[PDB]
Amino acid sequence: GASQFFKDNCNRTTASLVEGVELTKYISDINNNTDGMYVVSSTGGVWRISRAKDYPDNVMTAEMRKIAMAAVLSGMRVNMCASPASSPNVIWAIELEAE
C-alpha cells in the first residue's frame, strides 16, 4: 500500500490517491490530438503521464515514464497521486512498490 509519506504528500493536494494499481498497457502516441504518454490499469482506468521540458521536472517526469514501464513489464503495483476530475486524469506523483 501507499507509504505514509506518499499518502501525506497527496492529501495536501487537491488530487486523489489511488493505491495498489496494476498497470497493463503503456502507450506512446504522437497523433496531434492525443500527443502524449498514457497508462491503463487492469480496471480500465486511463492516466496521462505529466510532461516537462525544463529542469527540474524534466527529471521527475522522465522517471515517471521509467516507473510506469517497469510496472507494466514486471507486474509490480503502483500508487498514484492524480487529478480527480478529468478523462484521462493526469499523474502528479507515482510510487513504485516492491511490497
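In this text, rigid core is short for the largest set of C-alphas that superpose within 1.5 Å between two forms. Residue indices: 1-based, along the sequence shown.
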Practice problem: Output the stretch, either 21-29 or 78-86, that has more C-alpha displacement from this form in 4 other deposited structures of this protein following superposition by the rigid core. | Solution: 78-86
Quiz item: Should the higher mean CA B-factor in the entry be assigned to 51-59 or to 32-40?
Solution: 51-59
Self-check item: 21-29 or 5-13, whichever carries the higher mean Cα B-factor
Solution: 5-13
Self-check item: Where the record places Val90 (Cα B-factor, split into thirds across the chain)
Solution: lowest
